[PDB]
Amino acid sequence: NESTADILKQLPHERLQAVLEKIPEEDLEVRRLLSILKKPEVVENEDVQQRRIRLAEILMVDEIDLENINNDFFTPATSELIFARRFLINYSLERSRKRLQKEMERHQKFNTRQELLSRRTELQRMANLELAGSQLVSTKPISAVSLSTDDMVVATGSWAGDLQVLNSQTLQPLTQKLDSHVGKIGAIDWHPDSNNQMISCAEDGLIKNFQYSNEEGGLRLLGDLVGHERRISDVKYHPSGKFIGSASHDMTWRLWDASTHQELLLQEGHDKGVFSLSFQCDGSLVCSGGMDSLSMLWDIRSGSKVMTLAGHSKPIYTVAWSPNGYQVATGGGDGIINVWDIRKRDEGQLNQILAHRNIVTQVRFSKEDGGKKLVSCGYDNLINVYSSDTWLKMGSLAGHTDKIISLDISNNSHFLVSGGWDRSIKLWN
Amino acid sequence: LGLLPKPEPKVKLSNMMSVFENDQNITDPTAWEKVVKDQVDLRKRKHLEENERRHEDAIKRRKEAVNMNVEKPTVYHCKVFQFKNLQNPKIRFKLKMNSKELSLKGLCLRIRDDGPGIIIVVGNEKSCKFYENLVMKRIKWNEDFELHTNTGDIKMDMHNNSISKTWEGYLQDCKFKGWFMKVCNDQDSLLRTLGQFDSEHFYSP
Amino acid sequence: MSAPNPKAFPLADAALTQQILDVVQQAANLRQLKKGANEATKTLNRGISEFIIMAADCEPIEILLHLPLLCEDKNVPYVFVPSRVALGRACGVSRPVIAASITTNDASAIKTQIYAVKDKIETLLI
RNA sequence: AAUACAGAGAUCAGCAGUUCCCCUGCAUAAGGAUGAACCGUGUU
RNA sequence: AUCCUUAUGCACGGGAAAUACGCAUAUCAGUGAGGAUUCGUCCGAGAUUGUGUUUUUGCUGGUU
Ligand SMILES: *OP(=O)(O)OP(=O)(O)OC[C@H]1O[C@@H](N2CN(C)c3c2[nH]c(N(C)C)nc3=O)[C@H](O)[C@@H]1O
């Protein structure tokens with residue numbers, strides 16, 4: 001009787017088939033052992049009975065044992081930067097005081113009728129707008145366009161990362177082009193005062209301070225900024241005028257001086273990329289949007305993380321501050337715009353415009369008038385107009401054949417300039 | 001080892017003639033027709049049996065699938081649609097089925113009866129795409145139908161009625177528990193309806 | 001993982017990779033796929049491609065970094081997936097594969113999976 | 001070496017099994033297409 | 001709910017081939033095997049090297 005059973009037992013199929021019945025039977029139970037045993041949890045096509053067999057086949061070959069045996073700091077330093085914080089406080093505090101006073105003064109007049117006429121007029125104006133021309137720039141999509149404080153000149157950055165400055169009204173052709181040392185352009189910004197300088201961030205982790213010379217095409221590097229490893233997505237000038245803050249990919253937004261070209265603050269706190277930095281009009285606060293879907297406010301003067309905003313279930317590309325200074329607006333991969341006003345805090349918080357399909361790139365408030373309208377751009381090819389009171393969508397405009405990387409709007413609000421995957425720059429009325 | 005029957009030959013109406021296995025070959029000619037012809041069908045019957053038995057087993061197995069309970073997705077794809085009229089019942093019915101058919105969470109609303117309205121749907125991204133296809137390309141909202149009233153049947157011309165999508169996107173959580181078609185008389189309780197869901201904004205004037 | 005290569009961009013996540021690699025293989029069986037660098041580079045020059053998939057951890061990475069600059073001129077989406085070994089399997093190959101280009105046939109059976117994934121990928125290129 | 005011997009030494013036939021290939025079923029995976037008149041926050 | 005497509009698994013029925021089918025504590029190989037060209041370019045996965053069986057593998061039945 002022994003020799004009969006032994007030869008049967010010695011056999012590989014039989015040896016397997018005995019082992020198959022001692023292993024539990026559920027999809028989950030089977031699966032867990034696999035991942036623990038490191039082999040692929042699932043294969044191409046299989047029913048669980050086929051899955052179960054694989055276990056056995058793996059358990060057999062290695063002669064492995066049964067599932068039984070199977071199973072915050074404060075950082076010191078940089079006194080010199082410390083000096084600046086004082087400057088900010090003196091500048092910030094005064095500015096805030098002035099702003100609040102001005103806001104209050106508006107309140108007194110009331111006379112609702114005028115206002116409610118005004119909004120209607122604005123909406124009608126928005127409804128009308130159309131293309132003026134297109135134009136061209138390069139053969140890579142256009143990553144950033146910006147208007148000077150006098151609104152006479154546009155700068156256009158390609159992915160190729162070469163910037164040509166164009167003439168607002170006509171656009172035709174341009175003043176003069178430069179192919180900068182960098183290949184993929186993040187953002188381009190004007191100094192608020194002189195109209196003599198720009199700043200541009202790009203793939204190489206180097207920010208370049210440009211001197212724009214008169215009507216000359218002799219755009220001249222004033223200095224380069226170093227310290228950044230990864231690509232730099234966004235860069236801005238403090239509302240003040242002295243300081244430039246940089247925000248890139250390695251979880252470091254860096255506050256920089258214009259004059260000395262020094263690193264005033266190295267800040268941390270997001271856990272993935274940080275795709276935008278915005279500075280808020282009293283020059284008190286910077287809000288950082290990130291790829292981790294956490295909008296995080298920051299007080300420059302104390303260097304304290306203040307209020308974390310959670311609302312975006314995909315990366316937050318643009319963070320647009322409002323002129324009034326008590327509201328912010330964000331946009332993201334999720335096709336939402338959140339608008340958070342810090343004053344309410346306990347129960348007002350975020351009003352979500354549902355704006356766009358297919359992402360959002362750059363949200364812009366209207367500069368003059370304290371901020372009323374919103375303008376935003378996604379890959380939906382459309383472009384939107386929003387009230388800042390109801391946040392009802394008012395109108396949309398389609399002149400682009402492709403997606404839109406970024407857009408900036410005339411200070412008066414008689415221009416809208418939008419630039420596009422399609423490689424043109426389209427002036428909107 | 002002798003645990004198992006020694007196999008007998010397969011036989012067919014081709015192989016039939018030259019198998020001289022001891023069983024009534026030339027002797028009983030029609031008795032050997034039946035054996036092979038019966039034999040052939042018994043093999044086939046087995047093919048049919050393996051099929052039906054397997055077919056039946058899966059349906060029981062299916063019930064375990066029925067029992068399995070969702071396991072939340074981390075992100076919820078969503079859509080939103082907006083139309084002039086929903087009056088046609090055939091349209092009212094499909095929207096109830098497919099929503100229950102595909103496990104789409106969500107809601108629908110509108111103004112009174114003839115007043116326009118909105119649709120909301122949420123699920124895994126595969127589900128929405130089906131439903132989106134339905135609402136736009138399959139169903140004709142401009143089509144005409146003869147409705148039934150309490151008295152009798154009357155024509156309706158919906159040609160002016162039209163549909164278009166507003167947004168598709170992504171949301172931290174979908175507070176919609178089930179898909180609940182309803183009616184609101186005003187534009188306000190309509191908001192308060194969505195208001196319960198913190199969805200007031202999804203309506204566009 | 002290992003340090004994902006900084007030049008790797010757009011980098012697909014876990015959930016997109018499953019959706020992409022599945023399309024790859026689904027095309028392999030209709031022989032609408034093309035595997036490898038040169039085979040992929042050929043496609044763009046001709047003008048038949050739909051999108052390129054690349055290996056992120058391709059060692060060294062500089063050997064495929066030309067594809068991105070070619071894709072941007074032909075207006076063709078692209079992404080990196082996190083390992084080459086996985087991409088090797090999906091193309092039906094024993095051995096590591098660093099790039100692959102799905103192609104065009106507009107009578108195809110799988111046409112609607114492809115437009116799905118390009119729509120997802122072009123989102124990553126911000 | 002002499003001798004004793006014993007002294008020149010199976011064929012006809014069937015079925016399954018490996019290998020590709022087509023037809024037809026059921027399953028498992030992904031994918032699609034189209035149809036279903038109704039709308040869950042004081043007498044026992 | 002029907003219907004349709006591709007892949008994989010078990011399977012009835014029908015064919016073709018075994019100078020064919022494999023194997024290796026072994027060399028390379030889409031980070032390009034091996035070919036075609038109208039000379040402009042075009043296809044894109046196996047090639048070496050040692051080895052096992054190959055007028056046959058297992059299994060029954062008749063007749064002497
Ligand atoms: O076959 P059975 O009735 O058992 O199906 P289930 O009871 O398992 O239940 C819900 C599923 O039914 C399928 N149906 C059923 N019908 C009538 C139907 C389904 N699906 C569609 N589409 C999604 C197009 N249209 C229909 O008319 C669905 O799979 C449901 O999940």
# chains A, B, ... in the order shown; residues from 1 in each chain; ligands from 1
$ select_by_dssp --residues "range 30-65 of chain C" --states "helix (DSSP H, G or I)" --output "number ranges by chain"
C: 37-46, 61-63
$ residues_near_ligand --ligand "ligand 1" --cutoff "6 Å" --atoms "only C-alpha atoms (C1' of nucleotides) and all ligand atoms" --output "list in words"
residues 98, 101 and 102 of chain B; 1 of chain E
$ write_last_selection --atoms "C-alpha atoms (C1' of nucleotides)" --output "PDB file, in the first residue's frame"
ATOM      1  CA  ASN B  98     -28.934  54.505 -16.427  1.00  0.00           C
ATOM      2  CA  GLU B 101     -27.785  50.929 -13.893  1.00  0.00           C
ATOM      3  CA  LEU B 102     -24.243  52.373 -13.731  1.00  0.00           C
TER       4      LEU B 102
ATOM      5  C1'   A E   1     -30.708  43.847 -20.789  1.00  0.00           C
TER       6        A E   1
END
$ interface_residues --of "chain B" --to "chain C" --cutoff "12 Å" --atoms "only C-alpha atoms" --output "PyMOL selection string"
chain B and resi 73-75+125-126+129-130
$ select_by_dssp --residues "chain C" --states "strand (DSSP E)" --output "ChimeraX atom specification"
/C:49-55,78-81,99-103
$ interface_residues --of "chain C" --to "chain D" --cutoff "12 Å" --atoms "only C-alpha atoms (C1' of nucleotides)" --output "list in words"
residues 19, 22, 23, 25, 26, 27, 108, 109, 110, 111, 112, 113 and 114 of chain C
$ write_last_selection --atoms "C-alpha atoms" --output "mmCIF file, in the first residue's frame"
data_model
loop_
_atom_site.group_PDB
_atom_site.id
_atom_site.type_symbol
_atom_site.label_atom_id
_atom_site.label_comp_id
_atom_site.auth_asym_id
_atom_site.auth_seq_id
_atom_site.Cartn_x
_atom_site.Cartn_y
_atom_site.Cartn_z
ATOM 1 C CA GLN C 19 -4.311 53.119 -17.808
ATOM 2 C CA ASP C 22 -2.910 48.847 -20.662
ATOM 3 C CA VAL C 23 -3.520 50.801 -23.857
ATOM 4 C CA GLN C 25 -0.583 46.307 -24.872
ATOM 5 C CA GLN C 26 -4.068 46.549 -26.258
ATOM 6 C CA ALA C 27 -2.455 48.196 -29.324
ATOM 7 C CA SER C 108 -9.295 51.204 -35.355
ATOM 8 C CA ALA C 109 -11.013 49.214 -32.674
ATOM 9 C CA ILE C 110 -9.271 50.864 -29.815
ATOM 10 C CA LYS C 111 -9.642 54.423 -31.071
ATOM 11 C CA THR C 112 -11.644 55.499 -28.081
ATOM 12 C CA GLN C 113 -9.139 54.304 -25.495
ATOM 13 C CA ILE C 114 -6.495 56.403 -27.201
#
$ closest_residue --among "C:2, C:75, C:17, C:29" --to "residue 51 in chain C" --atoms "only C-alpha atoms"
C:75
$ interface_residues --of "chain B" --to "chain D" --cutoff "6 Å" --atoms "only C-alpha atoms (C1' of nucleotides)" --output "short mmCIF file (atom, residue, chain, number, x, y, z; two decimals) with C-alpha atoms, in the first residue's frame"
data_model
loop_
_atom_site.label_atom_id
_atom_site.label_comp_id
_atom_site.auth_asym_id
_atom_site.auth_seq_id
_atom_site.Cartn_x
_atom_site.Cartn_y
_atom_site.Cartn_z
CA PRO B 9 -11.04 4.02 -28.73
CA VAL B 19 -12.51 -0.41 -35.87
CA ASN B 51 -20.45 24.97 -20.99
CA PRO B 89 -41.30 61.08 -20.26
CA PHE B 93 -37.26 57.41 -17.61
#
$ atom_distance --atom1 "CA of residue 327 in chain A" --atom2 "CA of residue 341 in chain A"
4.2 Å
$ decode --residues "range 31-43 of chain D" --atoms "N, CA and C atoms (P, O5', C5', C4', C3', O3' and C1' of nucleotides)" --output "PDB file, in the first residue's frame"
ATOM      1  P     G D  31     -12.113  49.273 -19.771  1.00  0.00           P
ATOM      2  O5'   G D  31     -12.660  48.956 -21.232  1.00  0.00           O
ATOM      3  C5'   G D  31     -12.991  50.013 -22.150  1.00  0.00           C
ATOM      4  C4'   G D  31     -12.760  49.577 -23.578  1.00  0.00           C
ATOM      5  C3'   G D  31     -13.889  49.887 -24.548  1.00  0.00           C
ATOM      6  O3'   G D  31     -13.798  51.215 -25.049  1.00  0.00           O
ATOM      7  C1'   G D  31     -13.302  47.624 -24.772  1.00  0.00           C
ATOM      8  P     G D  32     -14.690  52.372 -24.402  1.00  0.00           P
ATOM      9  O5'   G D  32     -16.133  51.710 -24.307  1.00  0.00           O
ATOM     10  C5'   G D  32     -17.183  52.123 -25.195  1.00  0.00           C
ATOM     11  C4'   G D  32     -16.919  51.596 -26.582  1.00  0.00           C
ATOM     12  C3'   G D  32     -18.139  51.515 -27.493  1.00  0.00           C
ATOM     13  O3'   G D  32     -18.268  52.662 -28.308  1.00  0.00           O
ATOM     14  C1'   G D  32     -17.236  49.377 -27.255  1.00  0.00           C
ATOM     15  P     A D  33     -19.398  53.712 -27.970  1.00  0.00           P
ATOM     16  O5'   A D  33     -20.719  52.976 -28.431  1.00  0.00           O
ATOM     17  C5'   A D  33     -21.326  53.368 -29.644  1.00  0.00           C
ATOM     18  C4'   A D  33     -22.033  52.236 -30.335  1.00  0.00           C
ATOM     19  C3'   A D  33     -23.525  52.175 -30.145  1.00  0.00           C
ATOM     20  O3'   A D  33     -24.187  53.118 -30.947  1.00  0.00           O
ATOM     21  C1'   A D  33     -22.642  50.040 -29.867  1.00  0.00           C
ATOM     22  P     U D  34     -24.914  54.362 -30.261  1.00  0.00           P
ATOM     23  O5'   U D  34     -26.374  53.819 -29.991  1.00  0.00           O
ATOM     24  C5'   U D  34     -27.180  53.451 -31.092  1.00  0.00           C
ATOM     25  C4'   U D  34     -28.151  52.357 -30.746  1.00  0.00           C
ATOM     26  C3'   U D  34     -29.130  52.646 -29.639  1.00  0.00           C
ATOM     27  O3'   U D  34     -30.162  53.541 -29.975  1.00  0.00           O
ATOM     28  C1'   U D  34     -28.305  50.485 -29.370  1.00  0.00           C
ATOM     29  P     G D  35     -30.994  54.193 -28.776  1.00  0.00           P
ATOM     30  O5'   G D  35     -32.088  53.093 -28.420  1.00  0.00           O
ATOM     31  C5'   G D  35     -32.804  52.417 -29.447  1.00  0.00           C
ATOM     32  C4'   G D  35     -33.586  51.253 -28.899  1.00  0.00           C
ATOM     33  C3'   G D  35     -34.530  51.616 -27.782  1.00  0.00           C
ATOM     34  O3'   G D  35     -35.738  52.124 -28.281  1.00  0.00           O
ATOM     35  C1'   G D  35     -33.291  49.701 -27.169  1.00  0.00           C
ATOM     36  P     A D  36     -36.639  53.057 -27.356  1.00  0.00           P
ATOM     37  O5'   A D  36     -37.210  52.036 -26.275  1.00  0.00           O
ATOM     38  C5'   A D  36     -37.154  52.344 -24.871  1.00  0.00           C
ATOM     39  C4'   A D  36     -37.768  51.221 -24.074  1.00  0.00           C
ATOM     40  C3'   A D  36     -38.133  51.563 -22.631  1.00  0.00           C
ATOM     41  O3'   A D  36     -39.507  51.937 -22.559  1.00  0.00           O
ATOM     42  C1'   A D  36     -36.709  49.665 -22.673  1.00  0.00           C
ATOM     43  P     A D  37     -39.933  53.360 -21.948  1.00  0.00           P
ATOM     44  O5'   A D  37     -41.021  53.897 -22.982  1.00  0.00           O
ATOM     45  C5'   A D  37     -42.435  53.861 -22.679  1.00  0.00           C
ATOM     46  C4'   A D  37     -42.757  54.786 -21.527  1.00  0.00           C
ATOM     47  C3'   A D  37     -43.434  54.131 -20.318  1.00  0.00           C
ATOM     48  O3'   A D  37     -42.703  54.458 -19.143  1.00  0.00           O
ATOM     49  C1'   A D  37     -44.593  56.098 -20.955  1.00  0.00           C
ATOM     50  P     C D  38     -43.140  53.854 -17.730  1.00  0.00           P
ATOM     51  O5'   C D  38     -42.811  55.037 -16.711  1.00  0.00           O
ATOM     52  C5'   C D  38     -41.874  54.831 -15.643  1.00  0.00           C
ATOM     53  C4'   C D  38     -41.482  56.139 -14.996  1.00  0.00           C
ATOM     54  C3'   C D  38     -42.331  56.516 -13.799  1.00  0.00           C
ATOM     55  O3'   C D  38     -41.604  57.265 -12.843  1.00  0.00           O
ATOM     56  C1'   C D  38     -42.715  58.067 -15.552  1.00  0.00           C
ATOM     57  P     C D  39     -41.020  56.554 -11.523  1.00  0.00           P
ATOM     58  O5'   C D  39     -40.014  57.654 -10.972  1.00  0.00           O
ATOM     59  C5'   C D  39     -39.572  58.707 -11.843  1.00  0.00           C
ATOM     60  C4'   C D  39     -39.530  60.038 -11.138  1.00  0.00           C
ATOM     61  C3'   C D  39     -40.372  60.188  -9.873  1.00  0.00           C
ATOM     62  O3'   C D  39     -39.541  60.655  -8.828  1.00  0.00           O
ATOM     63  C1'   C D  39     -40.713  62.018 -11.353  1.00  0.00           C
ATOM     64  P     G D  40     -38.367  59.722  -8.267  1.00  0.00           P
ATOM     65  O5'   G D  40     -38.616  59.772  -6.696  1.00  0.00           O
ATOM     66  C5'   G D  40     -37.629  60.380  -5.859  1.00  0.00           C
ATOM     67  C4'   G D  40     -37.963  60.293  -4.389  1.00  0.00           C
ATOM     68  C3'   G D  40     -36.815  60.765  -3.504  1.00  0.00           C
ATOM     69  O3'   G D  40     -37.089  62.102  -3.084  1.00  0.00           O
ATOM     70  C1'   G D  40     -37.279  58.473  -3.087  1.00  0.00           C
ATOM     71  P     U D  41     -36.062  62.895  -2.146  1.00  0.00           P
ATOM     72  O5'   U D  41     -36.815  62.880  -0.747  1.00  0.00           O
ATOM     73  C5'   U D  41     -37.636  63.992  -0.369  1.00  0.00           C
ATOM     74  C4'   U D  41     -36.812  65.085   0.288  1.00  0.00           C
ATOM     75  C3'   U D  41     -35.362  65.250  -0.173  1.00  0.00           C
ATOM     76  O3'   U D  41     -35.263  66.205  -1.227  1.00  0.00           O
ATOM     77  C1'   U D  41     -35.420  64.845   2.160  1.00  0.00           C
ATOM     78  P     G D  42     -64.308  60.105  21.156  1.00  0.00           P
ATOM     79  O5'   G D  42     -65.285  58.854  21.270  1.00  0.00           O
ATOM     80  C5'   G D  42     -65.757  58.176  20.090  1.00  0.00           C
ATOM     81  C4'   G D  42     -67.196  57.756  20.267  1.00  0.00           C
ATOM     82  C3'   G D  42     -67.932  57.387  18.984  1.00  0.00           C
ATOM     83  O3'   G D  42     -68.903  56.380  19.244  1.00  0.00           O
ATOM     84  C1'   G D  42     -69.016  59.214  19.998  1.00  0.00           C
ATOM     85  P     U D  43     -68.533  54.844  19.029  1.00  0.00           P
ATOM     86  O5'   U D  43     -69.835  54.261  18.323  1.00  0.00           O
ATOM     87  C5'   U D  43     -70.779  53.465  19.061  1.00  0.00           C
ATOM     88  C4'   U D  43     -71.399  52.431  18.152  1.00  0.00           C
ATOM     89  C3'   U D  43     -70.407  51.594  17.353  1.00  0.00           C
ATOM     90  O3'   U D  43     -70.950  50.306  17.089  1.00  0.00           O
ATOM     91  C1'   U D  43     -71.700  52.897  15.872  1.00  0.00           C
TER      92        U D  43
END
